[PDB]
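Presented below is the structure to which this report refers.
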Amino acid sequence: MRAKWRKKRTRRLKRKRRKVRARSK
Amino acid sequence: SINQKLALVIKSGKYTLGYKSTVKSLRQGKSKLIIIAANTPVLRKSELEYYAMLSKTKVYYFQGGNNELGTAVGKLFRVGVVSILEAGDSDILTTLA
Amino acid sequence: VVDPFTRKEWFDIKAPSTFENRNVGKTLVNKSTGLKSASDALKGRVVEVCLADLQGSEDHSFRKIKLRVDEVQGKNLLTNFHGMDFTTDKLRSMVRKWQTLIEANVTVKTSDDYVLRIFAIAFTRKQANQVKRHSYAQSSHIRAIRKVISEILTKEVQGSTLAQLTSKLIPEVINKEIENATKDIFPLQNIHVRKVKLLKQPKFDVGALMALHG
Amino acid sequence: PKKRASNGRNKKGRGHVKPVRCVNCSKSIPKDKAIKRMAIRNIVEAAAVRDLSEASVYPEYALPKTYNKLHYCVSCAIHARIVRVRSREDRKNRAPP
Amino acid sequence: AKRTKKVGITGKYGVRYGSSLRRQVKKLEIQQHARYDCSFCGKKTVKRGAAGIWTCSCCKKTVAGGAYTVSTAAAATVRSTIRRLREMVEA
Amino acid sequence: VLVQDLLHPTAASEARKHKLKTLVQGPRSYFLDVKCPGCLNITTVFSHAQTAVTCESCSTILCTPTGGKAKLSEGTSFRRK
Amino acid sequence: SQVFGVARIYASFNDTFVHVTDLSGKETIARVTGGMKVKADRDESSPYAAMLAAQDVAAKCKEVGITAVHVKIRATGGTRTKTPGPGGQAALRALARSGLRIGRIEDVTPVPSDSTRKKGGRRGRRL
Amino acid sequence: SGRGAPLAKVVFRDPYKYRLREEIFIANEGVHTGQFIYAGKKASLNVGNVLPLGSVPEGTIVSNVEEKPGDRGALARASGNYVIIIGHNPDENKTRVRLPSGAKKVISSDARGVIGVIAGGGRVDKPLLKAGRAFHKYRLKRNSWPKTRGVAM
RNA sequence: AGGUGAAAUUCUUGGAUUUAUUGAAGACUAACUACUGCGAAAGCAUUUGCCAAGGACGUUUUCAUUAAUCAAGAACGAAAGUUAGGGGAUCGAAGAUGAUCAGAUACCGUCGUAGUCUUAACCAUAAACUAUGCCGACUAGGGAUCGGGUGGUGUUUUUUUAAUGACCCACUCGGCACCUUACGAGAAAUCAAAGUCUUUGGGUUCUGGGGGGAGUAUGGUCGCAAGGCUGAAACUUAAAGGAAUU
């Protein structure tokens, strides 16, 4: 698993866990 | 370099900045150098071109004006007429002016 | 179902007066039919071909001449010098490696109402006892090169429009005075006039075009 | 590890070039990483060359040449063009003939 | 001084309106209010006395310019287009 | 290499290399008491002039200052020192 | 001394047009496309098609009465292969063997400026 | 008061009677109060100067021109709006010009046109923000403001 | 006609595809152009004009330690992405679809909005590579090649030996890399630097410590965002990795 597409995975789970924690802001 | 040429003339010679003082130095007949700004009132210029010949002086349409001619004549304030009476150690008499 | 070749009438080309065989060629026209005439049905054409043929000079293996059809008389079209071309096969030929290429372009008008844009290529050559496997110009030298290149072109243009210009165009008298300036600086090889094209004429005045056609 | 001096292909003295499009699968590869060749061949084949001059006009004429340039992408320049993964030692080797 | 931060002269539009809008306003608002220069008397006494009007405090010289600047990108290149063609006008 | 003297060395590899890597930096220039045609005097002209050196009596020009040693101006009799 | 002209052969990959015209061309003579003499797609740039295509254009010429002709070959170029297809091979040898006065032949293909993008992408056409 | 670009209060004499009636041209981004305007084909190419288009060439931009050569103003009337000129065919005077959304209208070379764009750079390229400047906007135009949406009534 | 390994969609016999006379748009600058130039890095590939810059060389000019390198901090920072307007010619993320394919949401094909690029602002990241910091003198020869400098009764310029410009040979510092052994170093590959390092110390910036978790949690902080600068822990694991050989 190349880190180019893996930095993209964490990237999606980043906007993801920032909006879920920002849901209960 | 017309820049440093008048640097010495103000650093030695007798110069007069301003319509009155310059037309007053011309009405006395002891200035042989008048530098006009190609942006200042041509009404003002028109008479100074007419005095140029009346006071036998070599005019010179300066590539500048108040904050151009004034910039090099080392003074924070504005001026467009540098009517030189007698130069110091610079021969702006026989040059490209 | 008519096979329109039966329609199209055959033509014949006739160069100005400063060309070898004025009878440049035989082509096709258009028989007068529905909502169309003949003499004023073409003209908006050209005449590009091997200049060596239209000049009968086999030494001009390359180079080409461009002619715009003007007025026709007696089904014998009297073409006019529309300009000059350069076989792409010779452009690449003169472009050798380890040297510098110099293409020039400038505009110039004639004293007898007319405008065109002539060219003049140039290339860097070696020395009598050259050693380096390169040999390029000094750039600022390339500037003095192109400086007098366009300079000289527009110095002999004034006179008899492109009629007298072609009288020095194909004979390559250009290279002679152009090579004179290039000598005191960098030798260079070739140095021709490449191509060129017209853009402004006085009008459709074949009265002036009578000097070549007679 | 690194197996060439100029990294992969000639790149020393500057910082960036200008990539030219491959003449095969259009792959954009730097002008310094471009394997060129001048195929300035004729338009005649390998048989009708004399049949041309024969069924032709003009005293042999002169015959034309098409000076072309062949840029390559390396990947497709190996699936054909001159290369064939050279020997280890002669990797440094270079030759015009 | 710093009674603001990044809001500058548009901090008055507080909660009312939108952030993006005012941001744009700032750039142009800051433009016409500014004590512009009368490049005819050589003293920056000219200013937006009205839209497309810039009056000089000296010699009372009213000036034709832009809707916010003494001259935008428009009259800029066009002013030189004339200088450029005014060349084949006498030369 | 191995062993060499650096006191009385060849005046060859001495006055050819860089006068900064040779030894005691020595100026490789000089002046010229060139004659000024049209009077009777001579001017002590420095090799690398740069500033247009001319006459003093019937002023004219001595040598045009080039990108090194101001070569004479066509007709001028130069003399070392 | 004859009725010369131009052939304007087009050696594009998967096609070849042999339309003999005049010095101007504003008025053309014949054209005969490649797939005209062969329906198969795969053989549009094939050599046998070029001969048969250039063989038919030769017969059409002696119908109007044209003698000499100048073949101006053209590659797809521009932003394409720029490499003269296999058609412009047996096409020249087709009208040469047909019996025409092959004249001052030159060339004028589309000058690939490189300027305009070459359809494919940065990672190119990864066949 | 109803336009986002100043008006030239250009006063003129009358060579047919000792007198001076003030004509009214439009303002050009690049003119001064006391600036000199010249009208008559026999005048140098300068901003504010107005001569038929049989005086200027292509690329040359003007404003407050016509469609009817000499209707005393027509096309080229607006803030930050300009009109370039491309083609130019003499004899039977018919020049080709370039209008706003990309329109091209050919016209006689005796078509009056003043050199220079109408004052108002990036005017509407700025937000109105407060409906206030929106009220007083049409306060000098017409009661077309506001705009009741159809779907709701 | 287009196109492919070969097809199909697509433009078909209201004239396509192909030829040519003209016109406009935007884009770009081919060939010349390379183990070369310049730039601080990114980069910069046409010409002219203006306006300045930069830098080698050379100088029997001026000052006179003014310097070196740098936390925090500040200018520029390709491209993507972005706010918005001049406008997307090509190409072309997405998408649509033609087949291939057991399938194909891909690879190849046709079109096509972002973007392209400009005008004014942004984010500050790239295998941003010379994976090799800046400065210091010395351990090495060679051929080249770049720029300027000196020497030549030398080549040519021939219009008179006219002045000289280009070229040829030695050397030269400052450029650019390469070749040669490598004395030495180095795990080897290699490297005139990574030499001058157990015989270990010319000054100094910055960084790293088995591997994962992980540029991640969280806080701050910059950013219009995307995210950037900043940066864990638990837990688990005795192998992971580099080079060179078989």
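If you go along the chain as it appears here, the first residue is 1 and each next one adds 1.
Looks like electron microscopy, 4.0 Å, at least that's what the header says.
Here the Cβ of each residue, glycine as well, is placed from N, Cα and C on the backbone.
H:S1 (phosphoserine) counts 5 other C-beta atoms within 10 Å of its own C-beta, drawing on all protein chains shown. What Swiss-Prot records for H:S1 (among others) is phosphoserine, and it gives a large-scale study or a structure entry as the kind of evidence.
In sequence order, H:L51 constitute the residues six or more apart from H:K42 (ubiquitin cross-link) in its chain with CB-CB distances below 8 Å. Sequence annotations record features per position, and here Swiss-Prot assigns ubiquitin cross-link to H:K42 (among others) based on a large-scale study or a structure entry.
Of all the Cβ atoms in the protein chains shown, 12 others lie within 10 Å of the Cβ of H:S44 (phosphoserine). The phosphoserine annotation in Swiss-Prot covers H:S44 (among others), and the record cites a large-scale study or a structure entry as its basis.
Marked as ubiquitin cross-link by Swiss-Prot on the basis of a large-scale study or a structure entry: H:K68 (among others). Secondary structure at H:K68 (ubiquitin cross-link), taken from DSSP and collapsed to helix, strand or coil, is coil. Contacts of H:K68 (ubiquitin cross-link) defined by a Cβ separation under 8 A and a same-chain sequence distance of 6+ are given as H:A74, in order along the sequence.
Per Swiss-Prot, the feature ubiquitin cross-link maps to H:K94 (among others). Residue environment of H:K94 (ubiquitin cross-link) contains 14 other Cβ atoms, counted within 10 Å of its Cβ in all protein chains.
The Cβ of H:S108 (phosphoserine) lies under 8 Å from the Cβ of H:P52, H:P69, H:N93, H:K94, H:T95, each on the same chain and at least six residues away in sequence. DSSP assigns H:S108 (phosphoserine) to coil in the three-state reduction, placing it in neither a helix nor a strand. According to Swiss-Prot, the feature phosphoserine maps to H:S108 (among others).
The phosphoserine annotation in Swiss-Prot covers H:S109 (among others), and the record cites a large-scale study or a structure entry as its basis.
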Within its own chain, what residues at least 6 apart in sequence put their Cβ under 8 Å from the Cβ of H:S109 (phosphoserine), listed in sequence order?
H:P52, H:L53, H:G54, H:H88, H:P90, H:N93, H:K94, H:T95
How big is the gap, in Å, between the Cα of H:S44 (phosphoserine) and that of H:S1 (phosphoserine), rounded to a whole number?
33
Coarse DSSP state, helix versus strand versus coil, of H:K94 (ubiquitin cross-link):
strand
